[PDB]
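Take a look at the structure set out below.
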Amino acid sequence: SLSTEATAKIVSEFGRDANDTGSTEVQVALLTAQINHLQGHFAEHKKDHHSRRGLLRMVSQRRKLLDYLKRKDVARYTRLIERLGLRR
Amino acid sequence: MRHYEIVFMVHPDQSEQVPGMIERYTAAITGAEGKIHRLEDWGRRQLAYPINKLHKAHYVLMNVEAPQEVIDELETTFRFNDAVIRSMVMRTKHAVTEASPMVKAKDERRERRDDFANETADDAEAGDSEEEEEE
Amino acid sequence: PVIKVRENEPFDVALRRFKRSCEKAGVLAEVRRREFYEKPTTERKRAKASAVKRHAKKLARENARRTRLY
Amino acid sequence: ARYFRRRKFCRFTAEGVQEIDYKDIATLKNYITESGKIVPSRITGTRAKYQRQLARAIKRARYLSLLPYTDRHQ
Amino acid sequence: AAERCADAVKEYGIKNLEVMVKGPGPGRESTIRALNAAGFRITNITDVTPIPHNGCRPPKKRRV
RNA sequence: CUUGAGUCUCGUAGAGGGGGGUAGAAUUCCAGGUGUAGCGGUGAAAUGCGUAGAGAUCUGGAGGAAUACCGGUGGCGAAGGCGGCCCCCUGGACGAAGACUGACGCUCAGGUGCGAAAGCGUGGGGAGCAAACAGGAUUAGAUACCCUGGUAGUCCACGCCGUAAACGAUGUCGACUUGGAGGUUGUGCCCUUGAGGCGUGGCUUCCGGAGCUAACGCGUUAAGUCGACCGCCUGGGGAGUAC
């Protein structure tokens with residue numbers, strides 16, 4: 001769950017190029033910001049197993065693109081975990 | 001903020017006691033950096049069935065751009081008000097660039113398109129005058 | 001049953017084609033029966049398979065037209 | 001030449017352009033029975049997209065207690 | 001029954017009717033025809049069968 | 001590397017979900033008027049309802065459940081499934097065009113969640129229908145079909161094992177591909193070719209060559225051809241029963 005201007009602000013200062021919409025890192029930053037809002041939606045909409053399934057799909061994909069980034073170089077993958085705050 | 005449209009109703013006894021309300025609602029929305037995109041009074045209308053054992057009530061329409069919390073607050077205020085006797089609210093709406101477009105259909109409801117449970121003659125002396133060449 | 005009407009006090013005007021609401025009308029199918037979410041379209045295709053006397057005459061009209069033999 | 005003779009809510013941009021609204025109660029009277037029921041696509045001269053919009057506006061207006069909704073009333 | 005009902009109100013000096021109908025039964029036009037022919041005045045025919053917006057679950061008889 | 005795969009911009013339809021609200025219609029129930037002896041249920045009634053005032057008709061009040069039309073082999077959802085109207089929040093899809101990333105992909109034992117109905121623990125609720133229970137009828141009998149009567153149940157909130165002709169019977173995913181017509185629906189361009197057409201892209205109903213094909217048929221969305229991975233069968237009963 002994300003506003004269009006919020007999505008825009010994510011790629012404003014992430015992305016590997018002018019009008020990048022495809023880089024691994026920004027895909028995973030926008031997926032984090034979706035997850036964090038959608039977890040907070042399904043918190044009160046406890047029987048919405050549409051949103052639950054959409055939430056699952058997002059965190060799975062984000063984990064597979066974190067894995068793709070750790071497959072490239074591990075230091076940028078842990079830099080993204082730094083830059084998004086994720087896990088303890 | 002969001003574009004809206006609002007209908008609401010008050011009693012027949014209140015069909016000349018509504019302009020003081022239309023003032024207050026205007027001042028709430030302009031107070032909120034919101035604007036009136038259209039304003040119409042549909043007058044006393046006859047009802048296909050009586051609401052609260054009376055066959056007519058008085059209709060108004062506002063069409064606005066306003067912050068969503070004004071329209072949260074006001075639709076619920078109506079839903080707690082006993083003088084305001086029924087509403088409808090619609091999301092994401094603007095006026096026609098025509099003036100009085102709904103008035104010409106108010107004219108039609110009051111003429112051919114109800115079951116007239118109380119006489120046509122008392123309710124039709126309310127709200128916007130049906131100058132059909134504007135609308 | 002009798003509606004309201006353009007008819008001359010209908011019992012004397014032999015109109016029959018439309019003059020019901022439920023009474024041998026299509027909404028009688030779940031009226032006086034259980035609710036069944038699926039049944040009423042399945043029940044068209046199933047009924048027709050036993051309803052062979054009307055079926056076969058319409059079938060004969062269209063296939064005989066379609067051959068240029070009619 | 002240009003333009004050619006269009007059919008009901010067909011071949012054209014400025015009819016049925018926006019969705020059929022419940023405030024426009026004047027058009028809705030055209031499309032209802034003597035028991036205040038909806039008329040289908042096959043009679044109205046319109047397709048599925050417009051019928052969905054029509055049947056909504058009719059519904060809205062009836063629950064506003066402004067249009068007939070059965071053969072009976074008080 | 002329609003004739004016996006015309007006789008039932010005979011004493012109130014009524015003669016003019018209009019007509020209202022409900023129910024699936026066939027007592028709906030033979031009644032009117034013999035009523036108008038039994039010295040009474042039929043003038044209007046309107047149905048008053050009540051119909052719902054879906055409503056409550058119908059009964060089942062004979063597994064119909 | 002961008003072609004597979006993924007992502008945003010942007011166009012767009014939808015009974016997709018969760019939370020809340022609302023209008024009118026109706027079956028029921030209560031009170032009372034009016035009226036007066038009938039009513040009801042079946043093949044027949046009987047049981048049952050009435051004169052202690054029924055039925056029918058009028059008006060006031062009360063409850064709980066559900067949305068007639070629209071409606072289509074239509075539209076949407078992972079499937080299970082999803083149908084009155086309003087708001088709030090919200091997943092998914094599809095598509096004319098813009099680009100971007102740079103094979104990041106695909107399946108999947110085990111695992112984890114979902115999963116019609118019935119069910120059951122918990123609390124609430126009790127209009128309608130109706131397991132159980134009670135009575136009636138029928139019949140040779142009738143513990144049944146049929147009728148009179150009717151509790152639980154359903155519906156609301158919370159929690160639990162989960163099963164189904166979960167029969168679109170065809171594991172998931174992909175490429176290859178005879179033809180045609182209907183519906184539905186996104187789109188560029190234009191004499192809206194006439195009708196909007198036409199290409200084009202998505203879904204789906206129907207038909208069908210060839211192929212496949214015990215057979216019905218199926219049949220380019222194959223019951224086809226080909227690849228990866230994963231599940232099932234191996235005579236019948238014992239038996240998904242036992243342990």
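When we count neighbours, we look across all protein chains shown, and the Cβ atoms used for this are built from the backbone with ideal geometry, even at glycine. Read-outs throughout are calculated quantities, based only on the coordinates presented, and are distinct from any laboratory measurement.
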Checked pairs for the range C:1-14, first more than 7 Å from chain E (Cβ to nearest Cβ), second surrounded by 11 or more Cβ atoms within 10 Å (Cβ to Cβ) and of a type in the set (A, V, I, L, M), C-beta under 6 Å and 6 or more apart or across chains, list as C:7/C:13
Kindly check whether there is at least one residue in the range B:33-41 that is closer than 21 Å to residue B:72 by Cβ, of a type in the set (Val, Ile, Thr) and either surrounded by fewer than 16 Cβ atoms within 10 Å (Cβ to Cβ) or away from every other protein chain (no Cβ under 14 Å) (or both).
yes
When the range E:13-29 is checked residue by residue, the ones that are away from RNA strand F (no atom under 14 Å from the Cβ) and under 15 Å from residue C:8 (Cα atoms) are E:29
Identify all residues within the range A:1-16 that are near RNA strand F (Cβ under 6 Å from one of its atoms) and either within 14 Å of chain B (Cβ to nearest Cβ) or closer than 19 Å to residue A:67 by Cα (or both); write none if there are none.
A:16
If you take the residues in the range B:103-125 that are within 16 Å of RNA strand F (Cβ to nearest atom) and not in a helix (DSSP H, G or I), which one is surrounded by the most Cβ atoms within 10 Å (Cβ to Cβ)?
B:114
Selection over the range C:31-61 where residues are part of a loop (DSSP other than H, G, I, E, B) and either away from every other protein chain (no Cβ under 14 Å) or touching a residue at least 24 places away in the same chain (Cβ under 8 Å) (or both) yields a count of 2
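Yes/no per residue for (1) in contact with a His (Cβ under 8 Å, 6 or more places away or on another chain); (2) surrounded by fewer than 17 Cβ atoms within 10 Å (Cβ to Cβ); (3) more than 23 Å from residue D:67 (Cα to Cα); (4) among the small types (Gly, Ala, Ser):
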{"residue": "D:12", "(1), (2), (3), (4)": "no, yes, yes, no"}
{"residue": "D:27", "(1), (2), (3), (4)": "no, yes, no, no"}
{"residue": "D:34", "(1), (2), (3), (4)": "no, yes, no, no"}
{"residue": "D:40", "(1), (2), (3), (4)": "no, yes, no, no"}
{"residue": "D:47", "(1), (2), (3), (4)": "no, yes, yes, no"}
{"residue": "D:51", "(1), (2), (3), (4)": "no, no, no, no"}
{"residue": "D:55", "(1), (2), (3), (4)": "no, yes, no, yes"}
Members of the range D:37-74 found to be within 9 Å of chain B (Cβ to nearest Cβ) and among the basic types (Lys, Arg), listed by number
D:60, D:62
Only one residue in E:6, E:34, E:38 is over 10 Å from the mean Cα position of the chain (by Cα), surrounded by 11 or more Cβ atoms within 10 Å (Cβ to Cβ) and at the interface with chain C (Cβ under 10 Å from one of its Cβ atoms), so which one is that?
E:34
Residues (within 30 Å of residue C:40 (Cα to Cα) and in contact (Cβ under 8 Å) with a residue 24 or more places away in the chain) located in the range E:7-64
E:21, E:22, E:23, E:47, E:48, E:49, E:50
Test residue B:9 against the stated conditions and say whether it is within 14 Å of RNA strand F (Cβ to nearest atom) and either in contact (Cβ under 8 Å) with a residue 24 or more places away in the chain or over 27 Å from residue D:68 (Cα atoms) (or both).
yes
Exception for residue C:28 within (1) out of contact with any strand residue (DSSP E or B) (no Cβ under 6 Å at 6 or more places or on another chain); (2) part of a loop (DSSP other than H, G, I, E, B) falls at (2)
Could you list all residues from the range E:24-64 that are assigned to a strand (DSSP E or B) and within 13 Å of residue C:10 (Cβ to Cβ)?
E:45, E:46, E:47
Consider the range D:1-45. How many of its residues are β-branched (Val, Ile, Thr) and in a loop (DSSP other than H, G, I, E, B)?
5
Checking D:38, D:43 in turn, the sole residue that is near RNA strand F (Cβ under 8 Å from one of its atoms), under 25 Å from residue C:19 (Cβ atoms), aliphatic (A, V, I, L, M) and without any contact (Cβ under 8 Å) to a residue 60 or more places away in the chain turns out to be D:38
Give the residues of the range E:41-60 that are near RNA strand F (Cβ under 6 Å from one of its atoms) and either more than 7 Å from chain C (Cβ to nearest Cβ) or acidic (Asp, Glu) (or both), sorted by residue number.
E:50, E:52, E:53, E:54, E:55, E:56
Can you name the residue in the range B:86-129 that is hydroxyl-bearing (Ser, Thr, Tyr) and within 15 Å of the chain's Cα centre (by Cα) and is also nearest to the other protein chains (Cβ to nearest Cβ) among such residues?
B:87
Residue under question is residue A:2, and the condition is that it be under 19 Å from residue A:83 (Cβ atoms), in contact (Cβ under 8 Å) with a residue 12 or more places away in the chain and surrounded by fewer than 19 Cβ atoms within 10 Å (Cβ to Cβ); does it hold?
yes
